[PDB]
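Here the structure is laid out as structure tokens; the discussion comes afterwards.
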Amino acid sequence: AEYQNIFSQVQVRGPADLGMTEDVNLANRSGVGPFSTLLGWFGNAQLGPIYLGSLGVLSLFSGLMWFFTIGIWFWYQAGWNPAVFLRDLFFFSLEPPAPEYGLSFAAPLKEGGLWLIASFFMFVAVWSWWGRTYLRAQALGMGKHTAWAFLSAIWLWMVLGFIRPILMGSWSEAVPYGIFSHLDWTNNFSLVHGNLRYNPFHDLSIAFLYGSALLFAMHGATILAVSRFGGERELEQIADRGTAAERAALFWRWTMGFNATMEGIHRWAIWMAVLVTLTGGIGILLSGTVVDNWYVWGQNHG
Amino acid sequence: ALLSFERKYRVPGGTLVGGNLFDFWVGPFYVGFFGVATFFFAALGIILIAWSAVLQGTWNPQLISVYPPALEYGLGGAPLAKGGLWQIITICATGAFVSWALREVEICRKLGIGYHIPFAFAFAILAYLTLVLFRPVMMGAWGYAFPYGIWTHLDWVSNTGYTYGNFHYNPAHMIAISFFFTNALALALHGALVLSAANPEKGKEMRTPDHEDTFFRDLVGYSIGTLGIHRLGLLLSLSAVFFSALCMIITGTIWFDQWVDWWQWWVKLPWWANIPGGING
Amino acid sequence: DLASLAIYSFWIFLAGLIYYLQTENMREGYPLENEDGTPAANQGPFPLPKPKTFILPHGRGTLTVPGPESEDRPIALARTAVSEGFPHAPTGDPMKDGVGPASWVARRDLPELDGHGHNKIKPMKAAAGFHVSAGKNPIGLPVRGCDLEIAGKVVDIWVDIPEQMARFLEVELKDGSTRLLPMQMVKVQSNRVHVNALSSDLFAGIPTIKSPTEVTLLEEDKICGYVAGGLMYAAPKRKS
Ligand code: BCL
Ligand code: BCL
Ligand code: BCL
Ligand SMILES: CC[C@H]1c2cc3[nH]c4c(c3C)C(=O)[C@H](C(=O)OC)c4c3nc(cc4[nH]c(cc(n2)[C@@H]1C)c(C(C)=O)c4C)[C@@H](C)[C@@H]3CCC(=O)OC/C=C(\C)CCC[C@@H](C)CCC[C@@H](C)CCCC(C)C
Ligand SMILES: CC[C@H]1c2cc3[nH]c4c(c3C)C(=O)[C@H](C(=O)OC)c4c3nc(cc4[nH]c(cc(n2)[C@@H]1C)c(C(C)=O)c4C)[C@@H](C)[C@@H]3CCC(=O)OC/C=C(\C)CCC[C@H](C)CCC[C@H](C)CCCC(C)C
Ligand SMILES: COC(C)(C)C(=O)C/C=C(\C)CC/C=C(\C)CC/C=C(\C)CCCC/C(C)=C/CC[C@H](C)CC/C=C(\C)CCC=C(C)C
Ligand SMILES: CCCCCCCCCCCC[N+](C)(C)[O-]
Ligand SMILES: CCCCCCCCCCCC[N+](C)(C)[O-]
Ligand SMILES: [Fe+3]
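Listed below in structure tokens is the structure:
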């Protein structure tokens with residue numbers, strides 16, 4: 023009956039934590055949200071403050087404009103009937119301009135127009151948010167790591183609804199906005215480029231996706247295993263190595279003949295996750311622009 | 130050789146089997162009884178796989194493939210050359226993996242740390258066992274198990290999903306992908322948050338966890354916190370593999386039709402089933 | 085063609101990255117050593133990285149790694165064999181000597197600080213604001229070691245202020261002195277706090293701290309070292 027440190031046995035609360043000031047404009051921070059005892063057993067109980075500057079307002083407003091634009095469309099597919107809308111929620115789909123309209127913005131509102139409107143709002147939403155990622159780090163004097171990793175996720179999305187479609191000569195190639203429709207798009211794309219397992223960037227992206235689960239499991243499990251020596255206070259074990267960091271490393275050395283450090287594991291961790299969408303995005307972009315059938319390609323290699 | 134701080138941890142004890150008999154290392158490697166056990170099962174398996182290679186025709190690692198007993202043998206034995214090797218190797222694989230986990234428990238006992246790693250490794254082992262043992266037994270034959278080859282196990286992934294349609298419609302599979310994708314998200318965020326605090330802008334001083342808590346709060350209005358994100362990565366990962374096993378133990382067993390049709394339960398609900406309009410009206 | 089170029093180029097980048105990453109994980113514990121502490125012949129195929137320097141924050145200096153690496157203390161172990169690769173048996177008491185699973189590292193003998201420059205861990209008794217918000221409050225409960233004997237009474241909770249978590253329970257012994265015990269090695273029960281790692285007679289041996297309103301990183305390490313180590317060295321006086 024030894025404690026495991028997956029859930030906290032006792033919670034503790036104190037004055038709301040308002041954060042660090044520095045070069046952060048404190049006029050754009052909200053106050054503190056409430057405290058959740060539910061969250062508290064697993065993580066931190068405090069919600070907020072949040073920093074809602076103008077780039078964030080811009081971002082949040084387009085984000086919602088995109089979602090609402092899809093949502094409006096869904097109601098029109100449902101003939102404004104609540105029971106229908108819930109019933110078929112996963113079946114609705116806001117599809118892009120058919121092939122004949124190319125990269126044009128002419129296709130009518132109900133047959134492509136709305137799709138484009140939605141995408142526009144998503145475009146500025148994501149790119150505004152990325153900017154924020156950078157700007158919030160910058161105001162704290164921290165490295166730009168969160169933004170460079172985000173870019174990688176962005177790479178996949180950009181290729182999927184913007185770059186590939188443009189290189190292919192039409193917005194018809196882009197992904198539709200819907201739950202089942204995007205799954206069908208996915209299956210569909212695969213049956214047309216012949217054997218998705220012979221796309222080498224697709225395989226590698228899979229190796230990194232599973233590898234990210236293996237690495238977060240290893241990592242997470244390792245920090246809990248040495249949380250009885252202060253293990254999760256990583257920055258200080260980076261700055262002044264302790265027995266947490268030591269027995270962590272030596273578990274792995276004795277298990278598989280090599281190990282990491284408290285700092286280096288996070289380098290391994292950020293590359294494992296980033297590579298997923300880095301290699302995936304290359305895999306997709308090349309599909310149908312350069313290579314029409316990964317099986318054929320894999321027979322010649324050109 | 131030893132890392133510079135290791136010698137103090139290389140003391141006797143913690144083994145589960147044999148006492149002092151295998152309490153030693155070979156280079157960096159710890160060896161318990163179970164280090165001996167993993168070597169035995171793993172070198173048998175490697176040998177039997179090599180043996181399977183010769184009967185097959187090639188030495189090409191990309192062609193070597195070892196198939197399970199054709200469906201015809203059900204859950205009985207089979208001649209080595211027709212799924213017998215797969216049955217022995219699978220036992221060895223099981224042995225090698227379980228032994229690796231228990232060896233891990235031995236390294237944990239020596240080092241004074243929680244057992245969380247070997248336990249997590251056991252979710253992978255259970256996913257492995259579900260494809261090669263739990264599904265097939267429930268299904269009445271070894272033959273529904275995947276083959277062992279770099280590219281034929283991939284063929285088997287497709288063949289087994291397209292037997293149910295777009296396998297995307299498996300709903301346990303959807304939850305599983307959600308956790309894989311959410312795990313990757315989180316691992317990029319964690320790697321990047323700690324790094325960015327430890328490597329600040331040039332010339333500046335190392336940031337602190339508070340700075341870490343502030344950065345996430347500023348960006349999304351909430352930070353899970355350093356204990357919490359290691360808890361979160363563990364949970365997300367293990368839940369991915371758990372939903373993976375679950376999405377597959379229920380496939381070909383309680384559900385064997387096309388997973389896209391499973392969703393008709395929802396649309397065929399009395400209150401809106403016959404209402405006109407929508408996609409299904 | 086373009087796809088085979090991308091793939092050719094990608095394998096080269098991945099090999100460079102593994103190399104970069106592996107050498108980056110050589111900034112501690114290297115160079116490798118023989119069991120007597122001298123530099124090993126075979127260091128492996130990855131060269132040590134050019135050094136880097138962390139600027140520590142509340143006037144505490146810098147850290148440059150790699151750098152000349154010294155255990156900053158005596159290790160009470162001797163060999164049990166005439167050749168490489170076997171276990172080193174403790175020469176005295178492994179719990180007191182701080183070896184094996186009872187090890188500790190000579191961390192700075194200053195306490196950790198938050199971003200405001202205030203000690204990060206303080207006892208709740210002096211943490212303005214801070215109270216127990218959910219779960220059984222342990223303060224006041226009897227403390228039982230693995231021998232099934234009472235060793236003490238919980239008299240306070242040491243808390244991480246910035247991160248708002250329970251880090252240690254402050255326990256009081258028969259003589260009136262206190263010991264800090266790691267939260268993660270205790271079990272908070274309805275009518276008791278149970279410590280599986282230590283026997284009732286090993287509570288007095290837990291490394292004490294110099295001040296009652298703060299704990300240094302060196303003391304945490306001696307504390308956590310000592311209670312984890314009981315899992316192995318307290319086995320005889322353990323039961324169930
Ligand atoms: C799990 C879901 C499906 C499946 C779906 C896929 C898909 C889809 C893909 C793979 C791919 C791979 N799979 Mg698979 N695979 C399954 C079950 C397995 C099992 C198993 C014992 O259960 C193993 C060992 C593998 C192994 C592998 C690798 C050959 C390859 C890259 C994996 C990776 O990065 O993981 C992440 C882990 C790490 C980074 C740690 C490194 C692990 C190493 C690299 C594995 C080497 C194994 C070796 C070749 C096996 C022979 C061992 C000898 C007998 C000694 N698969 C089940 C049947 N697999 C990818 C591929 O590239 O094939 C060409 C791919 O796209
Ligand atoms: C039947 C389908 C085909 C197939 C077709 C495809 C196709 C097509 C693609 C993949 C891709 C991927 N596939 Mg495949 N794949 C198949 C079989 C597999 C198998 C398997 C076991 O058999 C596995 C394990 C995988 C695994 C994977 C992933 C590694 C990879 C996606 C990574 C990712 O994180 O994207 C998820 C991450 C993103 C989509 C980026 C998100 C970024 C943006 C910026 C976020 C916007 C958020 C927005 C503003 C909304 C906010 C909402 C919030 C509430 C606020 N595939 C089968 C054979 N696969 C992708 C790829 O890279 O392939 C090379 C892809 O395009
Ligand atoms: C066309 C094919 C179908 C499809 C059919 C299937 C099938 C069929 C299966 C999956 C399974 C999975 N699919 Mg699907 N899937 C499709 C599309 C997708 C897409 C996508 C983008 O479209 C994604 C993201 C996924 C995602 C996933 C995962 C949920 C899951 C696999 C991970 C796993 O189980 O690891 C679990 C971990 C393991 C199996 C590995 C454990 C290894 C062991 C413990 C140790 C190995 C050691 C080794 C010998 C190395 C030693 C040597 C060296 C020392 C390293 N699928 C399409 C629609 N999918 C698989 C799954 O759910 O399995 C339960 C499954 O069987
Ligand atoms: C939540 C579960 C995630 C996870 C976690 C995880 N994996 C782990 C651990 C943990 C916590 C370990 O402690 C352990 C580890 O030590 O990593 C270094 C491990 C591990 N995960 C591994 C692989 C692995 N894990 C994977 C997945 C995952 N691991 C999950 C996503 C995957 C995939 C495909 O996603 C792979 C490929 C090993 C690197 C390692 C365990 C090493 C080991 O057991 O050595 C023992 C045995 C041998 C040296 C080889 C014996 C093999 C022979 C008997 C015959 C060959 C068998 C046959 C099945 C071949 C299959 C061929 C394929 C082409 C299909
Ligand atoms: C390395 C690749 C992995 C990765 C990394 C990654 N993602 C990232 C980052 C990084 C490093 C960020 O910094 C950034 C981040 O901020 O996260 C906190 C992000 C992020 N990844 C996101 C999603 C995401 N990432 C994903 C994937 C991945 N991200 C990869 C696994 C996926 C998928 C499909 O797997 C998704 C869906 C976002 C949380 C965030 C980017 C936020 C953003 O750009 O949005 C703009 C602002 C808005 C759109 C507001 C919109 C509001 C909602 C659309 C409506 C609300 C929906 C809700 C259901 C209710 C709605 C309320 C209304 C009814 C009132
Ligand atoms: C309850 O009803 C109300 C009204 C309250 C609602 O709000 C309901 C709302 C809904 C039910 C909302 C549902 C929203 C979804 C179902 C969305 C589904 C989303 C996915 C499955 C999306 C998947 C993939 C998306 C991709 C790849 C997007 C790519 C975007 C682009 C890169 C954008 C590129 C730019 C374009 C095309 C514009 C070009 C023009 C310029 C000037 C730049
Ligand atoms: C300027 C004072 C007004 C702000 C007070 C309102 C509290 C909101 C805090 C947001 C926290 C919630 N969040 C970000 C998780 O969504
Ligand atoms: C997919 C990741 C592959 C990891 C390969 C890295 C090899 C580990 C190098 C360790 C050898 C060095 N050592 C122990 C002498 O320092
Ligand atoms: Fe970490």
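Chains as they are written, first to last, in the working numbering: chain Y, 23 to 324; chain V, 130 to 410; chain U, 85 to 324. Cβ atoms here follow ideal geometry from the backbone N, Cα and C, with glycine treated the same way.
Check: Would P37(Y) pass as an interface residue toward chain U - the criterion being a Cβ-Cβ separation below 8 Å?; Outcome: yes
Check: Which residues, in order along the segment 116-148 of chain U, keep a beta-carbon less than 7 Å from a beta-carbon of chain Y?; Outcome: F138, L140, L147
Check: Would you grab the beta carbon distance between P135(U) and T107(U) for me? Rounded to a whole angstrom, and I think it's under 8 Å.; Outcome: That pair is no contact at about 12 Å.
Check: Could you name the residues of the segment 152-167 of chain Y whose beta carbon sits closer than 7 Å to any beta carbon of chain U, in the order they occur along the chain?; Outcome: none
Check: For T137(U), which of helix, strand or coil comes out of DSSP?; Outcome: strand
Check: How many Å lie between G184(U) and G320(Y) at the Cα?; Outcome: 54 Å
Check: Among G289(U), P207(U), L140(U), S324(U), which has the Cα closest to the Cα of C308(U)?; Outcome: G289(U)
Check: Counting Cβ pairs closer than 8 Å, one from the segment 145-165 of chain V and one from the segment 274-285 of chain Y, do we hit at least three?; Outcome: yes
Check: Can you list, in chain order, the residues of its chain whose CB lies under 7 Å from that of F252(V), leaving out five sequence neighbours each side?; Outcome: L367, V370, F371
Check: Give me the residue from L131(Y), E268(Y), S76(Y), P37(Y) with the minimum Cα distance to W95(Y).; Outcome: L131(Y)
Check: Please confirm whether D339(V) has its beta-carbon closer than 8 Å to some beta-carbon of chain Y.; Outcome: yes
Check: Counting only C-beta atoms, is residue 425(V) closer than 8 Å to chain U at any point?; Outcome: A question about residue 425(V) goes unanswered here, because the residues of chain V that appear run from 130 up to 410.
Check: For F57(Y), which residues does DSSP report across the bridge?; Outcome: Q68(Y)
Check: Go to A218(U), then tell me how far its alpha helix (DSSP H) extends in each direction, as first and last residue.; Outcome: No alpha helix (DSSP H) holds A218(U); the beta strand (DSSP E) holding it covers 215-218.
Check: Say yes only if the C-beta of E256(Y) is nearer than 7 Å to one or more non-hydrogen atoms of ligand 9, and no if none qualify.; Outcome: yes
Check: Applying a beta-carbon distance threshold of less than 7 Å, which residues of chain V neighbour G236(U)?; Outcome: Going along chain V, no residue has its Cβ under 7 Å from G236(U), so there is no contact; the nearest lies around 22 Å.
Check: Can you have a look at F226(V) and say buried or exposed, based on whether 16 or more other CB atoms are within 10 angstroms of its CB?; Outcome: buried
Check: What is the residue span of the beta strand (DSSP E) that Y159(V) lies within?; Outcome: 158-160
Check: What are the residues of the segment 205-227 of chain U that lie near chain Y, defined by any Cβ-Cβ distance shorter than 9 Å?; Outcome: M208, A211, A212, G213, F214, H215, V216, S217, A218, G219, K220, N221, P222
Check: Just to confirm before moving on: does the CB-CB distance between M249(U) and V243(U) stay below 8 Å?; Outcome: yes
Check: Run the proximity test for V323(V): is its beta-carbon closer than 7 Å to any non-hydrogen atom belonging to ligand 9?; Outcome: yes
Check: Among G381(V), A402(V), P208(V), which has the Cα closest to the Cα of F296(V)?; Outcome: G381(V)
Check: Less than 8 Å separating the beta-carbons of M316(U) and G241(V)?; Outcome: yes
Check: Below 7 Å CB to CB, which residues in the same chain sit around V106(Y) once its five sequence neighbours on both sides are set aside?; Outcome: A100
Check: Using a Cβ-Cβ cut-off of 8 Å, state whether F134(V) counts as contacting chain U.; Outcome: yes
Check: So which residues of chain U does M278(Y) contact, with C-beta pairs closer than 9 Å?; Outcome: Residues of chain U passing the Cβ test: none, with the nearest at roughly 13 Å.
Check: Can you give me the Cβ contacts of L145(V) inside the same chain, cut-off strictly under 8 Å, excluding the 5 residues immediately before and after it?; Outcome: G161, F162, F163, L231, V234, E235, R238
Check: Confirm the yes/no value for this check: CB of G320(V), any heavy atom of ligand 8, distance under 7 Å.; Outcome: no
Check: 8 Å is my cut-off, CB to CB: does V248(Y) come that close to chain V?; Outcome: yes
Check: Alpha carbons only, please: which of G313(U), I223(U), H278(U) is nearest the one belonging to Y25(Y)?; Outcome: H278(U)
Check: May I ask you to report which of helix, strand or coil DSSP gives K239(V)?; Outcome: helix
Check: With a threshold of 16 other CB atoms inside 10 Å of the CB of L318(V), please say whether the residue is buried or exposed.; Outcome: buried
Check: Determine, using beta carbons only, whether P174(U) comes closer than 8 Å to chain V.; Outcome: yes
Check: Which of the three DSSP states is assigned to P300(V) in this structure?; Outcome: helix
Check: What runs of the alpha helix (DSSP H), each 4 residues or longer, lie entirely inside the segment 313-364 of chain V?; Outcome: 338-349
Check: Roughly how many angstroms lie between the CA atoms of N221(U) and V32(Y), to the nearest whole one?; Outcome: 7 Å
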